[PDB]
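Engineer: This is the content of upload02.cif (mmCIF, C-alpha atoms):
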```
data_structure
#
loop_
_atom_site.label_atom_id
_atom_site.label_comp_id
_atom_site.auth_asym_id
_atom_site.auth_seq_id
_atom_site.Cartn_x
_atom_site.Cartn_y
_atom_site.Cartn_z
CA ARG A 3 -18.21 -2.18 -1.08
CA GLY A 4 -16.14 -3.27 1.90
CA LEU A 5 -12.34 -3.58 1.70
CA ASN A 6 -10.00 -5.49 3.91
CA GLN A 7 -6.40 -5.58 2.62
CA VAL A 8 -3.09 -6.03 4.37
CA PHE A 9 0.48 -5.71 2.91
CA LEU A 10 3.41 -6.65 5.09
CA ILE A 11 7.00 -7.46 4.79
CA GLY A 12 8.45 -8.95 8.00
CA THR A 13 11.02 -11.40 9.24
CA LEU A 14 10.10 -14.87 10.46
CA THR A 15 10.70 -15.27 14.20
CA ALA A 16 10.57 -19.08 14.04
CA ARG A 17 10.77 -21.75 11.39
CA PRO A 18 7.22 -22.42 10.02
CA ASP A 19 6.15 -26.07 10.16
CA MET A 20 3.07 -27.32 8.33
CA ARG A 21 0.09 -28.60 10.45
CA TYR A 22 -3.29 -30.04 9.30
CA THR A 23 -6.91 -29.73 10.20
CA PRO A 24 -8.66 -33.04 11.11
CA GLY A 25 -9.97 -32.98 7.51
CA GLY A 26 -6.43 -32.77 6.14
CA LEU A 27 -6.36 -29.08 5.08
CA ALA A 28 -2.82 -27.72 5.28
CA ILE A 29 -2.12 -24.87 7.74
CA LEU A 30 1.16 -22.94 7.71
CA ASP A 31 1.33 -20.32 10.46
CA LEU A 32 4.10 -17.70 10.16
CA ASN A 33 5.16 -15.48 12.99
CA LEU A 34 6.43 -12.19 11.46
CA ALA A 35 8.23 -9.24 13.04
CA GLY A 36 9.22 -5.76 11.98
CA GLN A 37 9.40 -2.22 13.39
CA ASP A 38 7.57 0.96 12.98
CA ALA A 39 8.42 4.48 13.63
CA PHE A 40 6.28 6.88 15.58
CA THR A 41 6.59 10.27 17.33
CA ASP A 42 5.88 10.04 21.06
CA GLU A 43 3.89 12.48 23.29
CA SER A 44 7.08 14.55 23.83
CA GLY A 45 7.99 14.86 20.12
CA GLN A 46 10.70 12.17 20.13
CA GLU A 47 11.05 9.82 17.12
CA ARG A 48 10.94 6.17 18.28
CA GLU A 49 10.60 2.64 16.79
CA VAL A 50 8.56 -0.12 18.32
CA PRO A 51 8.38 -3.70 17.16
CA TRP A 52 5.33 -5.34 15.76
CA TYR A 53 4.76 -9.10 15.84
CA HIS A 54 1.94 -10.60 13.87
CA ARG A 55 0.65 -13.99 12.98
CA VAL A 56 0.06 -14.79 9.33
CA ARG A 57 -1.88 -17.90 8.42
CA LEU A 58 -1.66 -19.75 5.08
CA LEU A 59 -4.30 -22.30 4.42
CA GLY A 60 -4.70 -24.94 1.74
CA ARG A 61 -2.68 -24.53 -1.49
CA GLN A 62 -0.34 -21.71 -0.29
CA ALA A 63 0.41 -23.74 2.84
CA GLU A 64 1.35 -26.86 0.76
CA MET A 65 3.46 -24.71 -1.65
CA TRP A 66 5.66 -23.20 1.04
CA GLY A 67 5.43 -25.61 3.96
CA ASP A 68 8.96 -27.00 3.56
CA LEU A 69 10.78 -23.99 2.13
CA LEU A 70 10.83 -21.21 4.80
CA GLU A 71 13.45 -20.33 7.49
CA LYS A 72 13.57 -18.45 10.73
CA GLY A 73 15.12 -15.09 9.96
CA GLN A 74 13.78 -15.00 6.40
CA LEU A 75 12.02 -11.93 5.04
CA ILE A 76 8.53 -12.58 3.66
CA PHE A 77 6.19 -10.38 1.64
CA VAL A 78 2.50 -11.05 2.40
CA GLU A 79 -0.76 -9.83 0.96
CA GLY A 80 -3.94 -10.83 2.71
CA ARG A 81 -6.85 -9.76 4.84
CA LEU A 82 -7.56 -9.35 8.56
CA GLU A 83 -9.51 -12.03 10.37
CA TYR A 84 -10.06 -13.66 13.78
CA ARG A 85 -8.48 -16.91 15.10
CA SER A 95 -10.79 -13.48 19.12
CA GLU A 96 -7.14 -12.62 18.20
CA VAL A 97 -6.78 -10.58 14.99
CA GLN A 98 -4.57 -12.37 12.46
CA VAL A 99 -3.66 -11.88 8.81
CA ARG A 100 -5.03 -14.56 6.48
CA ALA A 101 -2.57 -14.57 3.58
CA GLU A 102 -3.92 -14.51 0.05
CA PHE A 103 -0.33 -15.36 -1.00
CA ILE A 104 3.22 -14.84 0.14
CA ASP A 105 6.56 -14.34 -1.68
CA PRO A 106 9.59 -15.23 0.40
CA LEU A 107 12.48 -12.84 -0.23
CA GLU A 108 16.26 -13.24 -0.29
CA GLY A 109 16.63 -10.48 2.23
CA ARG A 110 20.45 -10.37 2.14
CA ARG A 125 14.21 1.13 6.20
CA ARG A 126 11.37 1.25 3.61
CA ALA A 127 8.86 -0.32 6.05
CA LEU A 128 5.89 -2.32 4.69
CA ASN A 129 3.05 -2.68 7.17
CA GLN A 130 -0.06 -1.29 5.51
CA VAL A 131 -3.73 -1.94 5.99
CA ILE A 132 -6.61 -0.61 3.80
CA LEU A 133 -10.12 -0.97 5.23
CA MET A 134 -13.41 0.42 4.05
CA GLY A 135 -16.59 -0.16 6.02
CA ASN A 136 -19.20 1.51 8.30
CA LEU A 137 -18.90 2.53 11.93
CA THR A 138 -20.71 0.11 14.33
CA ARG A 139 -21.08 2.73 17.09
CA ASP A 140 -20.38 6.37 17.77
CA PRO A 141 -16.66 7.12 18.20
CA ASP A 142 -15.80 7.94 21.76
CA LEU A 143 -13.02 10.58 21.88
CA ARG A 144 -10.69 10.42 24.89
CA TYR A 145 -7.51 12.14 25.96
CA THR A 146 -4.46 10.27 27.36
CA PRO A 147 -3.08 11.54 30.72
CA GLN A 148 -0.70 13.73 28.69
CA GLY A 149 -3.68 15.12 26.75
CA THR A 150 -3.16 13.42 23.39
CA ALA A 151 -6.50 12.85 21.60
CA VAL A 152 -7.27 9.22 20.86
CA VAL A 153 -10.31 7.42 19.55
CA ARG A 154 -11.33 3.78 19.04
CA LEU A 155 -13.55 3.18 16.07
CA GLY A 156 -15.53 -0.03 15.41
CA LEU A 157 -15.84 -0.90 11.75
CA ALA A 158 -18.15 -3.40 9.99
CA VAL A 159 -16.58 -4.49 6.67
CA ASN A 160 -18.71 -6.54 4.17
CA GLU A 161 -16.03 -8.65 2.40
CA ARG A 162 -13.53 -6.90 0.06
CA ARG A 170 -20.65 -11.89 5.74
CA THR A 171 -19.80 -8.90 7.91
CA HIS A 172 -16.42 -8.68 9.67
CA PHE A 173 -15.95 -6.43 12.72
CA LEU A 174 -12.57 -4.66 13.09
CA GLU A 175 -11.33 -2.07 15.68
CA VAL A 176 -9.27 0.95 14.50
CA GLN A 177 -7.42 3.45 16.71
CA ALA A 178 -6.59 6.97 15.62
CA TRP A 179 -4.55 9.66 17.37
CA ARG A 180 -4.16 13.46 17.62
CA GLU A 181 -5.76 15.43 14.75
CA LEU A 182 -7.22 12.33 13.10
CA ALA A 183 -8.86 11.33 16.43
CA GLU A 184 -10.36 14.85 16.71
CA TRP A 185 -11.63 14.68 13.16
CA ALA A 186 -12.97 11.09 13.61
CA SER A 187 -14.95 12.30 16.62
CA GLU A 188 -17.41 14.01 14.15
CA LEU A 189 -18.43 10.63 12.69
CA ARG A 190 -21.45 8.62 14.02
CA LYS A 191 -22.60 5.01 14.01
CA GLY A 192 -23.39 3.99 10.44
CA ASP A 193 -21.01 6.41 8.64
CA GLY A 194 -18.81 4.99 5.89
CA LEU A 195 -15.08 5.22 6.47
CA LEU A 196 -11.92 4.48 4.45
CA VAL A 197 -8.87 3.78 6.65
CA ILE A 198 -5.26 3.64 5.50
CA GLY A 199 -3.24 2.40 8.44
CA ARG A 200 -0.85 -0.18 9.79
CA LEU A 201 -1.06 -3.16 12.10
CA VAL A 202 0.26 -2.54 15.60
CA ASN A 203 0.44 -4.35 18.91
CA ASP A 204 -1.33 -2.69 21.84
CA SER A 205 -0.63 -3.40 25.57
CA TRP A 206 -3.22 -3.98 28.28
CA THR A 207 -1.93 -3.86 31.88
CA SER A 208 -3.89 -5.19 34.89
CA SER A 209 -4.03 -3.37 38.28
CA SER A 210 -1.39 -5.93 39.40
CA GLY A 211 1.10 -5.18 36.57
CA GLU A 212 0.22 -8.10 34.26
CA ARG A 213 0.66 -7.21 30.54
CA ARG A 214 -1.42 -8.65 27.70
CA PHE A 215 -1.17 -7.81 23.98
CA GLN A 216 -3.77 -7.19 21.29
CA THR A 217 -3.22 -6.59 17.53
CA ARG A 218 -5.12 -3.60 16.18
CA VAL A 219 -5.14 -1.24 13.20
CA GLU A 220 -3.73 2.23 13.73
CA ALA A 221 -5.24 4.77 11.25
CA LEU A 222 -2.71 6.93 9.42
CA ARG A 223 -5.26 8.48 7.03
CA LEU A 224 -9.04 8.54 7.24
CA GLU A 225 -11.45 9.61 4.49
CA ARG A 226 -15.17 9.41 3.94
CA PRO A 227 -16.49 7.52 0.89
CA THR A 228 -19.36 9.29 -0.83
CA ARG A 229 -22.84 8.12 0.51
CA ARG B 3 3.84 -14.84 -10.14
CA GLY B 4 3.83 -11.30 -11.51
CA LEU B 5 2.21 -8.41 -9.60
CA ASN B 6 1.07 -5.08 -10.88
CA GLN B 7 -0.88 -3.04 -8.30
CA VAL B 8 -1.44 0.67 -7.90
CA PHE B 9 -3.15 2.56 -4.99
CA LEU B 10 -3.74 6.27 -5.34
CA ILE B 11 -5.74 8.97 -3.80
CA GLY B 12 -5.73 12.17 -5.87
CA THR B 13 -7.87 15.12 -6.78
CA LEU B 14 -9.66 15.39 -10.12
CA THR B 15 -8.24 18.18 -12.28
CA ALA B 16 -11.27 18.25 -14.59
CA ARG B 17 -14.81 16.97 -14.54
CA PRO B 18 -14.85 13.37 -15.98
CA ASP B 19 -17.30 12.88 -18.86
CA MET B 20 -18.19 9.41 -20.14
CA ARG B 21 -17.10 8.46 -23.73
CA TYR B 22 -17.70 5.19 -25.69
CA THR B 23 -15.77 2.88 -27.91
CA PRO B 24 -17.31 2.29 -31.39
CA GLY B 25 -18.69 -0.95 -29.89
CA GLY B 26 -20.43 0.98 -27.11
CA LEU B 27 -18.09 0.12 -24.18
CA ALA B 28 -18.11 2.94 -21.62
CA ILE B 29 -14.83 4.80 -20.97
CA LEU B 30 -14.43 7.23 -18.07
CA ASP B 31 -11.00 8.87 -18.01
CA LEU B 32 -10.02 10.68 -14.78
CA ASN B 33 -7.17 13.10 -14.56
CA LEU B 34 -5.81 12.94 -10.97
CA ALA B 35 -3.27 15.11 -9.16
CA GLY B 36 -1.41 15.00 -5.89
CA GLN B 37 2.04 15.76 -4.46
CA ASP B 38 4.94 13.85 -3.21
CA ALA B 39 7.76 14.68 -1.00
CA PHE B 40 11.38 14.03 -1.80
CA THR B 41 14.84 15.11 -0.59
CA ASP B 42 16.85 16.86 -3.32
CA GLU B 43 20.58 16.50 -4.19
CA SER B 44 21.42 19.20 -1.58
CA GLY B 45 19.43 17.61 1.30
CA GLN B 46 16.41 19.93 1.04
CA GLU B 47 12.89 18.52 1.58
CA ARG B 48 10.66 19.39 -1.42
CA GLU B 49 7.22 18.46 -2.87
CA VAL B 50 6.53 17.99 -6.53
CA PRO B 51 3.17 17.38 -8.14
CA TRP B 52 2.18 14.23 -9.90
CA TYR B 53 -0.54 14.10 -12.55
CA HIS B 54 -1.79 10.77 -13.76
CA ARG B 55 -4.49 9.44 -15.97
CA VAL B 56 -6.81 6.80 -14.60
CA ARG B 57 -9.08 4.92 -16.98
CA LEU B 58 -12.33 3.17 -16.01
CA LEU B 59 -13.79 0.87 -18.55
CA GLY B 60 -17.13 -0.91 -18.78
CA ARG B 61 -19.16 -1.33 -15.57
CA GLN B 62 -17.11 1.05 -13.33
CA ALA B 63 -17.33 3.71 -16.06
CA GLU B 64 -21.18 3.38 -16.24
CA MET B 65 -21.45 3.41 -12.40
CA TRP B 66 -19.60 6.69 -11.93
CA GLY B 67 -19.91 8.47 -15.26
CA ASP B 68 -22.39 11.10 -14.05
CA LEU B 69 -21.38 11.44 -10.40
CA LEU B 70 -17.83 12.93 -10.26
CA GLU B 71 -16.62 16.57 -9.97
CA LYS B 72 -13.50 18.54 -10.68
CA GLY B 73 -11.78 19.05 -7.35
CA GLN B 74 -13.11 15.80 -5.87
CA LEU B 75 -10.81 13.36 -4.09
CA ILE B 76 -10.86 9.82 -5.48
CA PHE B 77 -9.39 6.59 -4.14
CA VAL B 78 -8.28 4.20 -6.92
CA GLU B 79 -6.98 0.67 -7.00
CA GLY B 80 -5.79 -0.69 -10.30
CA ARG B 81 -2.86 -1.74 -12.42
CA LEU B 82 -0.37 -0.04 -14.75
CA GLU B 83 -0.88 -0.28 -18.49
CA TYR B 84 -0.22 1.50 -21.81
CA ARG B 85 -2.62 3.77 -23.77
CA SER B 95 2.94 4.18 -25.26
CA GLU B 96 1.91 6.43 -22.29
CA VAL B 97 1.73 4.61 -18.93
CA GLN B 98 -1.73 4.91 -17.38
CA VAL B 99 -3.55 3.36 -14.44
CA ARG B 100 -6.40 1.03 -15.40
CA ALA B 101 -8.74 1.18 -12.41
CA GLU B 102 -10.07 -2.05 -10.97
CA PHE B 103 -12.49 0.19 -9.01
CA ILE B 104 -12.68 3.64 -7.52
CA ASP B 105 -14.35 5.12 -4.41
CA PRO B 106 -15.00 8.84 -4.61
CA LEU B 107 -14.41 10.56 -1.28
CA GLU B 108 -16.02 13.52 0.48
CA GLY B 109 -12.67 15.17 0.87
CA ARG B 110 -13.92 18.11 2.96
CA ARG B 125 -0.67 14.91 4.37
CA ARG B 126 -0.96 11.07 4.51
CA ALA B 127 -0.09 10.71 0.79
CA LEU B 128 -1.37 7.67 -1.16
CA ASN B 129 0.59 6.98 -4.33
CA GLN B 130 1.86 3.42 -4.10
CA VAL B 131 2.83 0.88 -6.69
CA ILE B 132 3.71 -2.82 -6.06
CA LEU B 133 5.35 -4.68 -8.96
CA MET B 134 6.93 -8.09 -9.11
CA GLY B 135 8.57 -9.34 -12.28
CA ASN B 136 11.95 -10.11 -13.97
CA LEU B 137 14.52 -7.71 -15.34
CA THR B 138 14.47 -7.49 -19.20
CA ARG B 139 18.09 -6.28 -19.42
CA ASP B 140 21.07 -5.56 -17.24
CA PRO B 141 20.63 -2.42 -15.09
CA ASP B 142 22.83 0.39 -16.27
CA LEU B 143 24.04 2.46 -13.28
CA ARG B 144 24.69 6.16 -13.96
CA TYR B 145 25.53 9.19 -11.89
CA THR B 146 23.76 12.59 -12.29
CA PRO B 147 26.04 15.64 -12.80
CA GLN B 148 25.91 16.12 -9.01
CA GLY B 149 27.00 12.49 -8.54
CA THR B 150 23.74 10.95 -7.32
CA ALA B 151 23.48 7.26 -8.34
CA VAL B 152 20.51 6.45 -10.52
CA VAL B 153 19.44 3.38 -12.43
CA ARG B 154 16.65 2.52 -14.89
CA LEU B 155 15.38 -1.01 -14.64
CA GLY B 156 13.18 -2.75 -17.24
CA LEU B 157 10.71 -5.18 -15.76
CA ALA B 158 8.60 -7.90 -17.45
CA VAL B 159 5.49 -8.63 -15.32
CA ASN B 160 3.31 -11.70 -16.20
CA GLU B 161 -0.17 -10.53 -15.05
CA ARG B 162 -0.85 -10.12 -11.28
CA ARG B 170 0.56 -11.89 -21.42
CA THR B 171 3.75 -10.10 -20.43
CA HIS B 172 3.70 -6.37 -19.60
CA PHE B 173 6.90 -4.29 -19.79
CA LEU B 174 7.35 -1.53 -17.17
CA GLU B 175 10.31 0.86 -16.48
CA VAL B 176 11.38 1.55 -12.85
CA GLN B 177 13.87 4.18 -11.68
CA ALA B 178 15.80 3.92 -8.43
CA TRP B 179 18.13 6.42 -6.76
CA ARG B 180 21.12 6.62 -4.38
CA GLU B 181 21.72 3.46 -2.29
CA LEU B 182 18.91 1.51 -3.97
CA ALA B 183 20.41 2.34 -7.42
CA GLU B 184 23.82 1.08 -6.21
CA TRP B 185 22.27 -2.08 -4.85
CA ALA B 186 20.14 -2.60 -8.02
CA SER B 187 23.31 -2.41 -10.09
CA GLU B 188 24.20 -5.97 -8.84
CA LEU B 189 21.12 -7.43 -10.58
CA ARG B 190 21.25 -8.85 -14.17
CA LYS B 191 18.79 -9.52 -16.99
CA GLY B 192 16.41 -12.26 -15.89
CA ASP B 193 16.58 -11.66 -12.10
CA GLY B 194 13.30 -11.51 -10.19
CA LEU B 195 12.53 -8.24 -8.47
CA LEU B 196 9.84 -6.95 -6.07
CA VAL B 197 9.40 -3.16 -6.24
CA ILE B 198 7.48 -1.02 -3.77
CA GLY B 199 7.35 2.47 -5.23
CA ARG B 200 5.22 5.36 -6.38
CA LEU B 201 4.15 6.81 -9.69
CA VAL B 202 6.01 9.96 -10.71
CA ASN B 203 6.24 12.26 -13.70
CA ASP B 204 9.66 12.55 -15.35
CA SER B 205 10.79 15.44 -17.64
CA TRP B 206 12.62 15.10 -20.94
CA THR B 207 14.14 18.32 -22.34
CA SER B 208 15.32 18.72 -25.97
CA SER B 209 18.56 20.57 -26.95
CA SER B 210 16.24 23.50 -27.80
CA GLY B 211 14.52 23.67 -24.37
CA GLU B 212 11.33 21.77 -25.25
CA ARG B 213 9.94 19.77 -22.26
CA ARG B 214 8.04 16.48 -22.53
CA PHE B 215 6.68 14.34 -19.67
CA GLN B 216 6.65 10.60 -19.04
CA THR B 217 4.99 8.69 -16.15
CA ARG B 218 7.28 6.15 -14.49
CA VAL B 219 7.60 4.15 -11.28
CA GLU B 220 10.13 5.34 -8.74
CA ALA B 221 11.35 2.46 -6.49
CA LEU B 222 11.25 3.17 -2.76
CA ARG B 223 12.08 -0.40 -1.70
CA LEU B 224 13.51 -3.25 -3.76
CA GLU B 225 13.73 -6.91 -2.71
CA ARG B 226 14.54 -10.16 -4.44
CA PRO B 227 11.92 -12.94 -4.47
CA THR B 228 13.37 -16.37 -3.84
CA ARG B 229 14.32 -18.21 -7.16
#
```
Output the file's structure in the form of structure tokens.
Structural biologist:
Amino acid sequence: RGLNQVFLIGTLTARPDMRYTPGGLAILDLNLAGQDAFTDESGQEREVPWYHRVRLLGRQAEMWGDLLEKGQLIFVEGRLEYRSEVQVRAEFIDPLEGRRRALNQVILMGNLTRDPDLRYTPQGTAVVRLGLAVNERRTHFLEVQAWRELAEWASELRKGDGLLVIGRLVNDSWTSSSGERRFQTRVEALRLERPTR
Amino acid sequence: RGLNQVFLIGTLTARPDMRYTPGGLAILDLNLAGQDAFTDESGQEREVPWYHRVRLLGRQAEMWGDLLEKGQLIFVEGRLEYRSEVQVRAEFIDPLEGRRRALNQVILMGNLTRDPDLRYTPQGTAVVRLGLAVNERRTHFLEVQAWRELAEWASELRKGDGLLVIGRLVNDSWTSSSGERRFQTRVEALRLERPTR
């Protein structure tokens, strides 16, 4: 069966204010921030921020819509969705008193929508983009990026293969020929396994 | 609301064979193993094995009861329970082809059942045992251990306080005066936060 699970603790970058659909459904959008550590192409330990949108809809939005502050730490469990733009739809949140131990985890299980295409960065690090179809855990389509040894291993997979991903949500940069920078949320794989079948 | 969630990938240490309650309900008990890393009292990076029992009951037990092998990697999501003896009750499993990136994670949220009692090991490392009452996510009672700075911080909490724990499942040793060793599964806290309230 498909899986699509996200666990995050982050800090609110603005005060959330409730909004409503035209039908009256409550919407509470949170903008969360945190950091994660990585090792760069030259072996240096670094941190880079992540910023992600978390949407509460309906009962969770009404529950919290007048209780949260900019600067407050929030624990979220939810799923990845669109609205393009990958966002987290919260199943629930628990605001924290918040006065390392990073929490930014994603678990996906699904089937590749196309063959992986292995590339190498200019510095020769292996990298692959994988397209995954997840049947709720109709069909959702999610992009996953993997690096180094996991990219080389993922290159053996083919369209259709089942895949379990344990990863984290990151922000990727796209730069135009003229120096313009846009940002895209994606899943970075930290572990990949194959489900039996 | 309470939370009690466990995520594990481990290797089967024996072939699982289905058993039945007297009422016919299927039981499939898996014995899983893995490793986790820690830093010991002298700053040395070490690994120590974990061994944990995972129980499938009913439909998941029937689904997998003739399909799993000793040596096979299994992904589990479930909850902690007794049967004393802390075990994982699987919500579901996904056997893996399995031909680092450790997965042994527990998320608990509940309320302390007593004041924390801070101690120091002979080498002067801070350590605390916390008792947590979790109302399903009737009341379950679960023990959590925290070390070093998190033990010192946890010492400020009191019976009744809400607590979110992000941790992992470990095996603790008890040694009698005569050198006999027994083992106990417990949760080691890796992050602790306070839910608002």
Engineer: Could you tell me, as an MDAnalysis selection string, which residues have any atom at most 8 Å from (1.4, -0.4, 11.1), counting only C-alpha atoms?
Structural biologist: chainID A and resid 38 52 129:131 199:202 219:220
Engineer: Pick out the closest residue to chain A from this set: B:27, B:137, B:16, B:69. Count all atoms listed in the file.
Structural biologist: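 Of B:27, B:137, B:16, B:69, the one nearest chain A, counting all atoms listed in the file, is B:69.
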Engineer: When you look at residue A:180 with a cut-off of 7 Å (counting all atoms listed in the file), what residues show up, excluding the ones that are within fewer than 5 positions of it in the same chain? I need them as a list in words.
Structural biologist: residues 150, 151 and 152 of chain A
Engineer: Name the residues that the PyMOL selection byres ((chain A) within 9 of (chain B)) picks from the file above, as a PyMOL selection string, using the file's chain letters and numbers.
Structural biologist: chain A and resi 3+76-77+105-110+125-128+196+198+222-229
Engineer: Those same residues - C-alpha atoms - I'd like them written as an mmCIF file, keeping the file's coordinate frame.
Structural biologist:
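Below is the file result-v9.cif, written as the result:
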```cif
data_model
loop_
_atom_site.group_PDB
_atom_site.id
_atom_site.type_symbol
_atom_site.label_atom_id
_atom_site.label_comp_id
_atom_site.auth_asym_id
_atom_site.auth_seq_id
_atom_site.Cartn_x
_atom_site.Cartn_y
_atom_site.Cartn_z
ATOM 1 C CA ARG A 3 -18.210 -2.180 -1.080
ATOM 2 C CA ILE A 76 8.530 -12.580 3.660
ATOM 3 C CA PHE A 77 6.190 -10.380 1.640
ATOM 4 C CA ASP A 105 6.560 -14.340 -1.680
ATOM 5 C CA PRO A 106 9.590 -15.230 0.400
ATOM 6 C CA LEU A 107 12.480 -12.840 -0.230
ATOM 7 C CA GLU A 108 16.260 -13.240 -0.290
ATOM 8 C CA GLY A 109 16.630 -10.480 2.230
ATOM 9 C CA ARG A 110 20.450 -10.370 2.140
ATOM 10 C CA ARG A 125 14.210 1.130 6.200
ATOM 11 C CA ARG A 126 11.370 1.250 3.610
ATOM 12 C CA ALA A 127 8.860 -0.320 6.050
ATOM 13 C CA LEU A 128 5.890 -2.320 4.690
ATOM 14 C CA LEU A 196 -11.920 4.480 4.450
ATOM 15 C CA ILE A 198 -5.260 3.640 5.500
ATOM 16 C CA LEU A 222 -2.710 6.930 9.420
ATOM 17 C CA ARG A 223 -5.260 8.480 7.030
ATOM 18 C CA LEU A 224 -9.040 8.540 7.240
ATOM 19 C CA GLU A 225 -11.450 9.610 4.490
ATOM 20 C CA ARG A 226 -15.170 9.410 3.940
ATOM 21 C CA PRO A 227 -16.490 7.520 0.890
ATOM 22 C CA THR A 228 -19.360 9.290 -0.830
ATOM 23 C CA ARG A 229 -22.840 8.120 0.510
#
```
Engineer: Please list as a list in words every residue within 10 Å of residue A:203, counting all atoms listed in the file and excluding residues in the same chain fewer than 4 positions away.
Structural biologist: residues 50, 51, 52, 53, 54, 214, 215, 216, 217, 218, 219 and 220 of chain A
Engineer: Atom CA of residue A:34 and atom CA of residue A:11, how far apart in Å?
Structural biologist: 8.2 Å
Engineer: Residue by residue, what does the PyMOL selection byres ((chain B and resi 79) around 8) grab here? Present the result as an mmCIF file with C-alpha atoms, in the frame of the given file.
Structural biologist:
```cif
data_model
loop_
_atom_site.group_PDB
_atom_site.id
_atom_site.type_symbol
_atom_site.label_atom_id
_atom_site.label_comp_id
_atom_site.auth_asym_id
_atom_site.auth_seq_id
_atom_site.Cartn_x
_atom_site.Cartn_y
_atom_site.Cartn_z
ATOM 1 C CA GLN B 7 -0.880 -3.040 -8.300
ATOM 2 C CA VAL B 8 -1.440 0.670 -7.900
ATOM 3 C CA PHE B 9 -3.150 2.560 -4.990
ATOM 4 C CA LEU B 10 -3.740 6.270 -5.340
ATOM 5 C CA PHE B 77 -9.390 6.590 -4.140
ATOM 6 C CA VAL B 78 -8.280 4.200 -6.920
ATOM 7 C CA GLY B 80 -5.790 -0.690 -10.300
ATOM 8 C CA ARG B 81 -2.860 -1.740 -12.420
ATOM 9 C CA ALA B 101 -8.740 1.180 -12.410
ATOM 10 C CA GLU B 102 -10.070 -2.050 -10.970
ATOM 11 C CA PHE B 103 -12.490 0.190 -9.010
ATOM 12 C CA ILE B 104 -12.680 3.640 -7.520
#
```
Engineer: List the neighbours of residue A:40 out to 10 Å using all atoms listed in the file; skip same-chain residues closer than 6 positions along the sequence, and give me the result as a PyMOL selection string.
Structural biologist: chain A and resi 46-50
Engineer: Separation of atom CA of residue B:18 and atom CA of residue B:98, in Å?
Structural biologist: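 Separation of atom CA of residue B:18 and atom CA of residue B:98: 15.7 Å.
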Engineer: Step by step, work through what the PyMOL selection byres ((chain A and resi 20) around 8) selects in the shown file, and finish by giving those residues as a PyMOL selection string.
Structural biologist: chain A and resi 18-19+21-22+28-31+63-64+67-68
